[PDB]
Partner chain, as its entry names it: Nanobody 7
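One chain comes next, on its own, written as structure tokens: the form deposited without its partner chain.
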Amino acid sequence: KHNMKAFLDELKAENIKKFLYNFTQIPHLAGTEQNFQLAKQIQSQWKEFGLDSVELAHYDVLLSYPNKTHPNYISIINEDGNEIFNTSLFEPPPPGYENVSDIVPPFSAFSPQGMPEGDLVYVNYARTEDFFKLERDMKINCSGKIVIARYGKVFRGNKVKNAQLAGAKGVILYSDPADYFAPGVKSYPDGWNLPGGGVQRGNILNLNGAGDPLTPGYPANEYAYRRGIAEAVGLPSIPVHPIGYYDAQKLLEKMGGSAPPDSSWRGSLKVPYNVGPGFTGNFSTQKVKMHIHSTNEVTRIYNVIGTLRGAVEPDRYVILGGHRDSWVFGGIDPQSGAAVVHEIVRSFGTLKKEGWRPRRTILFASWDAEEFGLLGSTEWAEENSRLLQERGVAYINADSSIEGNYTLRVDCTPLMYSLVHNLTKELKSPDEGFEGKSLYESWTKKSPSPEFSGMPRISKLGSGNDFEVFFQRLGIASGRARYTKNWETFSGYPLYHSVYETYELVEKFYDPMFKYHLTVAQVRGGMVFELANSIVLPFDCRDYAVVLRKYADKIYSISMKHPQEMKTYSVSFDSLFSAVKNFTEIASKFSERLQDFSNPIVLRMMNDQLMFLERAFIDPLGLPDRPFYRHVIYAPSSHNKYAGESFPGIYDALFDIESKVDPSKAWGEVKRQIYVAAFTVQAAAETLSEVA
């Protein structure tokens, strides 16, 4: 038979291993010749594997690169203007790769150029609350200072935005061993920890879903009209540069001014973590000088788009997408994901060659320029938005397959919770101690749900990956899954976006038997298989009703911190609770009808109701000042692009409301956002009502 089991059995750990090795021998930086060559290889192989059609879709987007003959670096300068200490110009390359060329040195993509010089202020993680503590409590003024901030907790782009709004004239980002060095493990190459010379690359844009900074709304195709740089979306106004903890120690050790306000501000280096501004007595005349010469350049990028045409509903698209561009070798990010996708395509293609086709069309994507702001996925979705709007069933992301070796991690729409439960109960756990047990059992044991005993944690989608345009802009049901660490016993993974992320890191330290990679291929691939093959779409609307009530309870409790204002301004959540109650009731009736209907019009009518349910949460007017975040239930947090926020319009209207100078106007806007959310929930519910 050709069924899910056949698909799943054809997947092989040894193949994922071969593909990972193949994808990680040279850097594949977006916009470079090497990454175009890999795109062409993937296109050829997907054709060989049996897909009906495989095309490149290219765009010309703004990218950013250091100047090869004018390197970026930071100095401490004395009062004579002698640079007495300079940060490193490159990470020491890993063993056996010391002769690879075109390793891009560490830099912050899209930094403007400049050579600002000034006194340092240390701002902890540069979070909104860290700046509140500095300015409101400690009375420290960042205006015209250079801020130094440790990586971790929140997206680096939010750190830069926060520093910029505080009046900083530059930002230095560094990796503290408190966040990137796990106790009892050695530094690369002898373990999976970040060495003192290691540096995390990464873009520092605040795109809010726009895609290419120059063409918001429309694909960056051959005839595109582009904004001028001054009107570009999301570019920072002050220079930024990342360093490792050897260099950070040299910048931090002379810090004077105020002591850190509490221990949550101290990392693991042998320095006091003084906030400043400036250096102690003896060195008070020395300053810090940045030298940034990176340039922004419009550059061609290439997505690979593979099609496996559906046998019955070819006009319904189930999409499996992940990126191909990497900062350097991409051993985990993204090639651990791309190797999994490659094996999934191979397995589907094996079935196709035997005469099988999925019920619905499956689209496979190898996105470019994800590291520069989700540019390749976003431009392609802007190009194809009408097809995606009306035909998109689901999007499953496929970036890094592992960030640890402990248990599964899933973030997805509630419409996929039941699908994920049912699938993981049919898969074998790869974990030691759980041989012969299901993945559901091991995952539920290691990562229990905080709400329900006997069920695993599944999180909201945030952002910082290629599902953003599909989910928060277009309203297509979306999900992602990877293996992860025990969060209960450091930040992401230590070698994230460093030159040390290699094939050897994965094969030696994370997944020597490629069993976690194989399990992740079974989860991502099994989800795509069910979405594209199941007669009735595998979405349960009742799961959305349950989370909508949780989110309503949560946003109500935030508001009820201000009981006197809610009385004065007549702030009522009754409309929202009413809408959520109605959604619960209507979803329950729709589910009965879905169980209780040979009629392919009723089926497809009801499949269309299921498909367009995520779509009903989109507001074509967008959220305030964020027109490409249109989903009313979920947006990336205004304070941390990686984290999801529920009822974001209401959340942001309530945030720090007690500081607003005109409370009537601020509470008016809370009420406006309650109305918009209640209306959108009721409107979504009514899409599940009988159609006539």
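Numbering follows the first chain given and starts at 1.
Not on display, but discussed next: the form solved in complex with its partner chain.
Proximity of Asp596 to its partner chain in the deposited bound form falls outside the 4.5 Å heavy atom cutoff. Although the partner is absent here, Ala552 is a contact residue: one of its heavy atoms lies within 4.5 angstroms of its partner chain in the deposited bound form. Its partner chain is not drawn, but in the deposited bound form it has a heavy atom within 4.5 Å of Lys561. Its partner chain is not drawn, but in the deposited bound form it has no heavy atom within 4.5 Å of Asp137.
None of 162-170, 435-443, 543-551, 319-327 except one has non-hydrogen atoms within 4.5 angstroms of its partner chain in the deposited bound form; the exception is 543-551. Note on the partner interface in the deposited bound form: the residue among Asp662, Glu658, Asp625, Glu33 having a heavy atom within 4.5 angstroms of its partner chain is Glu658.
Note on contacts: among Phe577, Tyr97, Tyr496, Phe490, the single residue with a heavy atom within 4.5 Å of its partner chain in the deposited bound form is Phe577.
Using a 4.5 Å cut-off on any heavy atom, the one residue of 443-458 that reaches its partner chain in the deposited bound form is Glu451.
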